[PDB]
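A quick write-up on the structure given underneath.
In the entry's author numbering, the protein residues as written are 883 to 970.
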């Protein structure tokens, strides 16, 4: 793809993440499901294309597949661990 700047990021090419200016990251996976994550927040919103959105909070348990896909988001957290004044 011939493009300079991309506002979407592909994780492992298993999922696609859209960067929102409000600090929200929308990550869709290849299985057709989508996840909404807020920066700095552990409570995420998972949407399944069967018409089922479930909200995960720190007081909520993920099923196997949900935890599995959530694991891939760790890469973005590590990307924020890059030596920057916004990191401590």
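Each residue gets a CB set at the ideal place from its N, CA and C atoms; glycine is no exception.
Residue i - DSSP class collapsed to helix/strand/coil
i: residue 890; result: strand
i: residue 955; result: coil
i: residue 902; result: coil
Cβ-based neighbour list, residue i, same chain, cut-off 6 Å, excluding 5 preceding and 5 following
i: residue 916; result: 910 and 929
Inter-residue spacing [alpha-carbon to alpha-carbon] between residue i and residue j
i: residue 943; j: residue 957; result: 21 Å
i: residue 947; j: residue 914; result: 13 Å
i: residue 890; j: residue 966; result: 22 Å
i: residue 955; j: residue 893; result: 8 Å
Residue i - containing beta strand (DSSP E), residue span
i: residue 896; result: Here residue 896 belongs to no beta strand (DSSP E), and DSSP marks it neither H nor E.
i: residue 917; result: 916-920
i: residue 930; result: 926-930
Close-in-space but distant-in-sequence residues of the same chain around residue i (CB under 8 Å, 5 per side omitted)
i: residue 937; result: 925, 926, 927 and 928
Own chain partners of residue i with C-beta closer than 7 Å, once the 5 adjacent residues on each side are dropped
i: residue 935; result: 927, 928 and 929
Rounded distance between the beta-carbons of residue j and residue i, thought under 8 Å
i: residue 906; j: residue 920; result: 6 Å
i: residue 951; j: residue 897; result: 7 Å
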